[PDB]
Structures are given as C-alpha cells and as structure tokens.
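Since the structure comes first, as structure tokens, the remarks are kept for the end.
Here, residue 1 is the first one in the sequence, and each next residue gets the next number. Start at 1 and go down the list; that is how both ligands and their atoms are numbered.
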Amino acid sequence: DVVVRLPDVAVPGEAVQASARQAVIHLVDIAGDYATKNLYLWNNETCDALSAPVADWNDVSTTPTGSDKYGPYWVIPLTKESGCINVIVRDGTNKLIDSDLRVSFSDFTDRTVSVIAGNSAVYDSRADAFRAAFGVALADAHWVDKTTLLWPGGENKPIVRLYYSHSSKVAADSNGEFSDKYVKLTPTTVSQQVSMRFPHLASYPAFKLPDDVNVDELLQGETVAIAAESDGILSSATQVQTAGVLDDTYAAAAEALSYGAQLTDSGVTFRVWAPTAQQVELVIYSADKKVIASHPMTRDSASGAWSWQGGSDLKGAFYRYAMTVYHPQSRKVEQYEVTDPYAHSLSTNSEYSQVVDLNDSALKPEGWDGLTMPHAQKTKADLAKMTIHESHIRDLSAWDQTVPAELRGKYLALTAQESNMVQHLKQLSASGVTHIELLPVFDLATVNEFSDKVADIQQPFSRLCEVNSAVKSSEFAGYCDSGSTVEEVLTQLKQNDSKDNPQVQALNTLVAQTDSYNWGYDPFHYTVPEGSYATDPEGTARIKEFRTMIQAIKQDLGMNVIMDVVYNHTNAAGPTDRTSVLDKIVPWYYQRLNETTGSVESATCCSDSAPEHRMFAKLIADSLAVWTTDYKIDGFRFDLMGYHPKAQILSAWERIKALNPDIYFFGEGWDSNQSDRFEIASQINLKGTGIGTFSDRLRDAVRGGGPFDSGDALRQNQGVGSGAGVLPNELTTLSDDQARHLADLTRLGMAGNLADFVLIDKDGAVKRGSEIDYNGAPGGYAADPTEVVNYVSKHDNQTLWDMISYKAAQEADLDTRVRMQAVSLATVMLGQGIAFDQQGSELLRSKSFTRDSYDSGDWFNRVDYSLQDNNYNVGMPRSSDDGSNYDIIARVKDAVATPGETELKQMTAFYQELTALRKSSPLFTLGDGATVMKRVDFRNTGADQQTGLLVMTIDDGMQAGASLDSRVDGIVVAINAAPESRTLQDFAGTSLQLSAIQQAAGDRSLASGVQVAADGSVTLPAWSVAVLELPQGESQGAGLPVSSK
Ligand SMILES: [Mg+2]
Ligand SMILES: [Mg+2]
Ligand SMILES: [Mg+2]
Ligand SMILES: [Mg+2]
Ligand SMILES: [Mg+2]
Ligand SMILES: [Mg+2]
Ligand SMILES: [Mg+2]
Ligand SMILES: [Mg+2]
Ligand SMILES: [Mg+2]
Ligand SMILES: [Mg+2]
Ligand SMILES: [Mg+2]
Ligand SMILES: [Mg+2]
C-alpha cells in the first residue's frame, strides 16, 4: 500500500510581520486573481482598534498590500495594539468566509494572522494554516452502517481510507507519514436501507469497508477518513460521525435490554448503554458521598451495554458511572463520572444518582395504587371535553400567604386545602376545568437545589448579596446591609421605574441568577422529579411528595394531570459541562449534529437531541413508561414536537398505550426544519393519527398579531378579541377584509380546525378549512377536533391581558377590557377543539408586558390568589428581550386602571360560566370530525356579515342523526366581539331559550342584557356571549341542520 503523507512542498513562511500599530492578515491560497480580493473593516463597540477604516461597504479598494504564491496579505493600521478588529474577507462585495471574523490581539499577540477562504478559523501563521489545511479538519464523513461510509471528500480520489487510533489522535508523524492503522475503502452504491435512514445524506459519495471489518475495534477510539491522490499525498482528512453504525451494530441487541439501577427484592442489576467506552466502572457512594466501592462493569458484546449485578442491600445507595471514553469533540479519551441517564432518584442538585424501587410502599401516599383518573379519555367525545389549566409549581404558591410557608413553591402546596390557591383550583374544577398541565417537573438544571446557594425575593437583601456576587458588585450593593427584603426593595423601586429607568428589571435580572425560579425547559434527568419543588431534595423523599401532589390533584381536586416533557434537547453536551449526561456516556450519539462540522445543533435553544436514533427513542419511551405507570400521569405535552420524527412519536404512543390504554399525547407541532432528515411530527403530518397539536390559527386570529411582533406592531395587530376592524386603535391599519379573515380562522377553529370542514368565507365563497390561509399555510389541518388544542394564552409569549392592553382602543374602558378577555376565551372554551389556557387567565393575569418570562422570577410571574390585583404595571419588563417595546408600553400602559378585586371576581365568574357551558351539553365536544361536519355550521358569514359577530350552530335535529342531548334539538353560540348591539334575525319563528347556566348568573353573566323577543329575534349587547338552546319536546325535533354548500 502506498503510504499517505503530507505535501512534500515547503511550508510557507510569513509574508510580513506586523510592526507597531499594525495588524497583518494573510489569505492563504490553499486551492493549488488577487486584485479583486479586499477587506471590509469597521469598528464597533466590542472591537475598536482600527485606524480610520473605510466606511463604505461598496468600496472594494482595500486591496492586498502584497502577495506571493501562497496568497495575498494586508497590512492594516491600528490606533492601539490591544483589543480586536472586525474583518470580512471578500472578492468584490462577496464574502469569501461566511463567518464575520474577529481577530483578537490577545489570542494573537503578534497581530499577524492567517485565514483560508471557506474556513472560519484564524491561525497564527501561514504555516499553521497550511498544516491545518492538510490535517484532520471538520467531521463531514458519516459511518452509517457496518460497511458504508458516506463522505464527499472521497469522491474521485484513488486512495480513500478509514484510519484509527485507540488511545491517541490520528495525525502525521515526524516523517510526515500517517502511520496509524487503517481500513481501505472502495466506491460503492448506498443501500436503500441506508438511504431511507439518512435521506439528507443519500446524495453523498458512498464507500465500502471490507465485510470482515472489526467494527468494535475502530469504534473504541478516534476514527478519521482520509483521501489521497495516487502518489499518496493527502487530499483531505476529517473526523467520522458514527451514530448510524452504532445503531446498525448494537441497537437491536441493546433495545432488548432494560436500563438503570433495576432494584427488585432479589437484588439489583445496573445497566448503562456505552458501546464506544473503553471502560465503565460503577462507583458506589455512601450517604456522605464517600466512595465505598468502584466496580468494573461487564460489557456485553452484542449490545455494547455494560452491567453489574449485586444485592438488595444497595437499595438507597448513591452511584455514578466512571467512564473511560473517546469524545470526538475534544478528541481525547476522557475520564469522568456521570449520573445515570436512567436515574430514578437523585441526590441534591442531581450530583449522584440513587438506587430506588419506585414500587416500594414507603414511596407512596396512602391509597396510591387505587388512584383513578377522574376524567375519561377513551373515546374522542371523552377527549374533546379536555379543558386544560397550564400551571407552574412556583406560579401557583410562591405568593400565597395562606399556603404554609414551608410549602410555598413546593409540590405539597397542592395539599393545602385551606389555601386561597387550592380553593380556587377546586372551584375551577367544579366549574369545568378538567386537567392541570404542569410545566417541567422532571429534573431541571437551571435552579440550584442546594438551598444555601439560593436567595428568593421574600428573603433579606443581605442573603441575596451573600449568594450572588453580581448583586454585591452592582449599583444595588448599598441595599446589602439594609434591613429590607428583596421584594421590599423591588416595591420601592416601582414609583421611579419607567422606560428611561427600568430599575425593577435591572435588579430582578440579577436576582434571577440565584433564585428558585425557572420554567424548567432545561432537562438534566428525564425520569426523576425536580428536587427544588420538594421539601427535601436529598434522595428519595421527593418521589413520595410528587406522588402526594398527583393524588391531591386527581383525587381531591378532581382533575387529570398532563406533564410537559422536553425530549427535543438536553441542557448541555460535550465532555466538560456539569449537565452533559448523555453526551458524556455515548459521545456524538444522543445529539443531532451538523453534517459538516459535527457541532451539536442548537435550533431548539440548547443542545438538540436525536430522537431519530434508536436508543434515544428507547430512552424516551422508557421514560414515559415510568411517568405513566409509576407516577400515574394521564397525558403528555411534547415541547417542540416537530423536532421528533412522526414515526418516533407514534411508536412511543403504541408503547405507552400498552400500559395505559387511554393516555393522550399532544405537542407543539411547529415546523422544525428537520423534514430533510425524516418525516416530522408536525400539525399536517399528524392528521388522522390521534396525536394532538397546538393550533396557532385561532390563537393568533383572536389575540391578534404573533409572537415576533415588536414596537408599534404590538398595538397595530389587533385581534378578534380586541376589536380588529370594529374598534380600531389609533395606530392600526387593519381593513374590514383583514378583520373578516381573522373571523374565518376563528370560526374554523371553533369547529375544530378541520382540513375538510366546509364554511362560507368572508367573500361568500365556499371553502374547506384547508383553503383558509393562515400566514401562508393551509389553516385547517386536522381530521378530528381532538387533534387540535385551541388557546389564546400560554406560558410563552405575552399573556392575554397584556395583549389586550397593547391592542385595545384608548376608549375601551376597563369593564370592556374584562369582557374582551372573556370573549377571547369564549372562542376556545365554546369550540370543538380541546381547550387549553394559561393559569390565571381567569384572574386577568399580567406579566407587566413580559413576553418571555422563563427566568423573570416570582416578581413578573406572580399570580395573586388573594385577588388584590393582576400583577399589571409592576415595572418595565426585562430590557434584553422587551427593550424594543418600552416606547409602545409607555404609550399604552396607563390607558385605564389596573384590575382590582372587583374585576378579578367578575372575570373569574365569566371564566367559570364559560367552562360550565362547555360541559353543559355533549354537543360542544363531539370529538369525531365527521360528526362535527354533520352538525356544526355558522351564520353571519360572507360579504354582508356584521363584523365581529360569531354565530355557531350545533345541530341535534333529525337531519344530524341521533339526538345526542335529550334536553335540546340544537345550540346557538353567539359571540358579539364588537362595541355595538347586534340583532340576530335568522332564528325567527323558532323560540330559542338562553342557557339556564347563563340565566342563573343574572347580571353577572356574559349574556347579561341579551333579549329574546316574541318574534324570535335575539339581541346581544356589546362584548357579550350567549348560548341559546332549542328545547327538545316529546320527540327529537327539526334542529339546526347544516346548510348544503
Ligand atoms: Mg459602513
Ligand atoms: Mg502570528
Ligand atoms: Mg458510488
Ligand atoms: Mg403510606
Ligand atoms: Mg433539578
Ligand atoms: Mg413608575
Ligand atoms: Mg432563575
Ligand atoms: Mg427548604
Ligand atoms: Mg439540518
Ligand atoms: Mg407557507
Ligand atoms: Mg394575580
Ligand atoms: Mg336532542
């Protein structure tokens, strides 16, 4: 075999070295035209060392100072020799490096650097750039099955090889020869199996390893793909992504096993999947975290799993896995201890995993095993009744002075039957809220569970300074030795807070670093409860407390429980970070990587996971199985579900239905951009599967605008619920046509956002739901309404009240704005889709305009169950994300008074009326899409409609089929989202009756002032909601037949 070696050419010296007040940049012409090469140079805040850089982007005259055969270079004048400079390397006005370069004079003290076109790295010399160009670079080779490598670098090259080194890096030796062992590769054609697994790589050149290759040998260390010419000079070399071959080699054998510290009465078996590790030891720790044993584990050859079996005396023991494993990011054989990705119990702050048997009676509240789901979820009609209250453990109880102090912010607050919060939830349940959805209660990373390291706003400012050095070094340091609590300081800061002095958020942003508050979309361990919500985060105690909460919700409050789950990302990856678990144990397998660099992708926010890989799909299903069986969770909401393959979500659902036949799955099925890799679990792709998705259609039509809005657009973009068209504010330009389009989306959503539902649009045209456009997408997408989750408020983005406050006309008074809140919620609560709402919408909840409140603390997330106010106007929201909105906030904020007890009680009554109406007839919750189509229609449609009046009919008459409600032959839902009184004339001669529920509320009803006249006409006041019924006589009547279209 020919030996592969570096180019036998001289390594380039420097063309020139920077002198005083100069920088030098070489463009190293690695590719075997210099006059058109030029630099764009500019000073900004962070880099400002350039002397008089040319201002005009179009000026291409900063051409090379000199050049030679190794390329051109530039000498650049500076005003100082410290700091950095901004550089874009161009040909003409086109970038030759896609990255905007930053040349650091601290990383390159001689200020003489080198770059290569198409390469974002900055080198200290042309020699370094040259050796990098002919060395291991990037990671664009993919070893996808036993014998197949996909690699663009190997195309049309005679020598293509897979070099490998068990304990070091593949590199050229002192002679310049690559002397590590290798396997010869040959051109081949990709198999269909591989093409279906990796469609985004299917067009890459394919190469074949010998059928007798010892894969386990190569996978234990570094592998590098190397291409060369016939003479044997290296052409390119790159690192190898191995997840595909790991699945092809090990996944079936590994899928057949179970993982974690599996404790039963006979003993314990520990198992961890680590098919590339060179060694795995099980380290057992005492309660005081001293090592008491380190056990070499036993590797199984078929699966690449490691196991160790011991006695039941290991119950309660702490443990970690000591890994010896090559990590391709660092290119080192790393040595570190890692917690179990299958941990079911943890020490404080997740430092050690703990052996537990979740079946143990000591970890269960009394009567746990007999806990039943209070609301059915079997049929589609059952599911359609789902009415969700999306809640957070701290948002519930952090402020409730009637919850015992030691339970504030804890799972166990739900057991405080004497508290305002629990009594309020109990009344919401009695009125028709059916499900609590919990924000992250698995083990999150972003709260410190060591209570000594945390300071909350109810505690002395002196404590804050002790735990938070940023506060102690800030402009607020003078409060350190005050006798005030943090919340007392924040309160005194309100009066002088404004857009010109956002001092409340200035202090609160520092507080956020060390408080107990986070939404928790930051997974540390997927299958252990979060510790900070327990009264004792050390060891197994949180398990029973979590179960006590679940039992309280289901048995005592009468609501089902949904968990938010976050399998689309990990909190961290790589070999170093505290919270990198999976990516330490099987590096490069559990994360989705860029096809060229091997970098962990971050489209989700964080460290994107790879649910398309078999062992991560298994981890997800196994995790859901524990939450289902051991924690009696009734449904799951998948965060960023579009990052998951449709096939993976469906397989998980099949697996969980074997454990709980009525489990319900839904998620955020927004487009994830992953369709090139697999069919994504999106709104459209899930049609007909029974997996629900949040609908953005009715949401945005009723709220107005969308999550990206900033500045004046927040006010201009009124929604149906805030008077689009009919009650314009001073900035909007919405036309009547635009407002009527939003009403088309709203009606479609009230009918379950079905693709095939037939309506009359704003122009009088007959349209299917899929033909009503939503921001350039088919609006209706579902097969059944139980596939659609409607909402107008959620933890993310502004609260409904804050949206109404941005959008409402100046003349809309406070009482009108409360009715706008209720009218907005009526479109959800009286619609056929599953109903979902944010905790506190019934209390006009505000976040003081905060759009994204995940780390905005108790202050901005406060819900006041004592009913004094709605948390509006408590300071400008965080400047980093809402500073662009300070101008519009200042202009709208004080239009009307802040809600107090009167408005909060009024809104709670409106809310409970809506949820009671939703459950008052099976007709609101038909479940089956074909049944919706046969029974649901709309009036007041087309070009002659009265804008803002939504009139929905639901048929129970003979033309619909059977009577599903023995009391009525039909229902009319009329939502008059407008400042005028409206009269309905199309039910003349039929004698409708107002719902008994609305009658019983009298002048506190949303239908207060509705008139049903002798001629059958119905008059609705401004901003009202009426549910009217056709009473059923001795036999089923004519009803309200759907009109043929
Ligand atoms: Mg310029
Ligand atoms: Mg240098
Ligand atoms: Mg080929
Ligand atoms: Mg007990
Ligand atoms: Mg935690
Ligand atoms: Mg103020
Ligand atoms: Mg925080
Ligand atoms: Mg405590
Ligand atoms: Mg991609
Ligand atoms: Mg589109
Ligand atoms: Mg409140
Ligand atoms: Mg009937």
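Of the possible polar contacts, none joining the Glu437 side chain to the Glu390 backbone as a donor-acceptor pair under 3.5 Å is found.
When distances to the Mg ion (ligand 1) are checked against a cut-off of 2.8 Å, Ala55 contributes an N, O or S atom below that limit. Not one N, O or S atom of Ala777 sits under 2.8 Å from the Mg ion (ligand 10).
In this structure, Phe849 and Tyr806 have tilted ring planes: the angle between them lies in the 30° to 60° band.
Here the Mg ion (ligand 11) has protein N, O or S atoms under 2.8 Å from it, and they come to 1.
Using a 4.5 Å cut-off on side-chain heavy atoms (C-beta onward), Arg90 and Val60 make contact.
Salt bridge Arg851/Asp881: present, at least one basic N to carboxylate O contact under 4.0 Å. Salt-bridge check for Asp855 with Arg878: failed, with every basic side-chain N at 4.0 Å or more from each acidic carboxylate O.
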Determine, stepwise, if the pair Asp395 / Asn861 fulfils side-chain hydrogen bond (donor to acceptor under 3.5 Å, both in side chains).
CA-CA 6 Å; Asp395 295 354; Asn861 289 290; 5.0 Å; no
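Inspection of the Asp744 and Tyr774 side chains reveals no N or O donor paired with an N or O acceptor under 3.5 Å.
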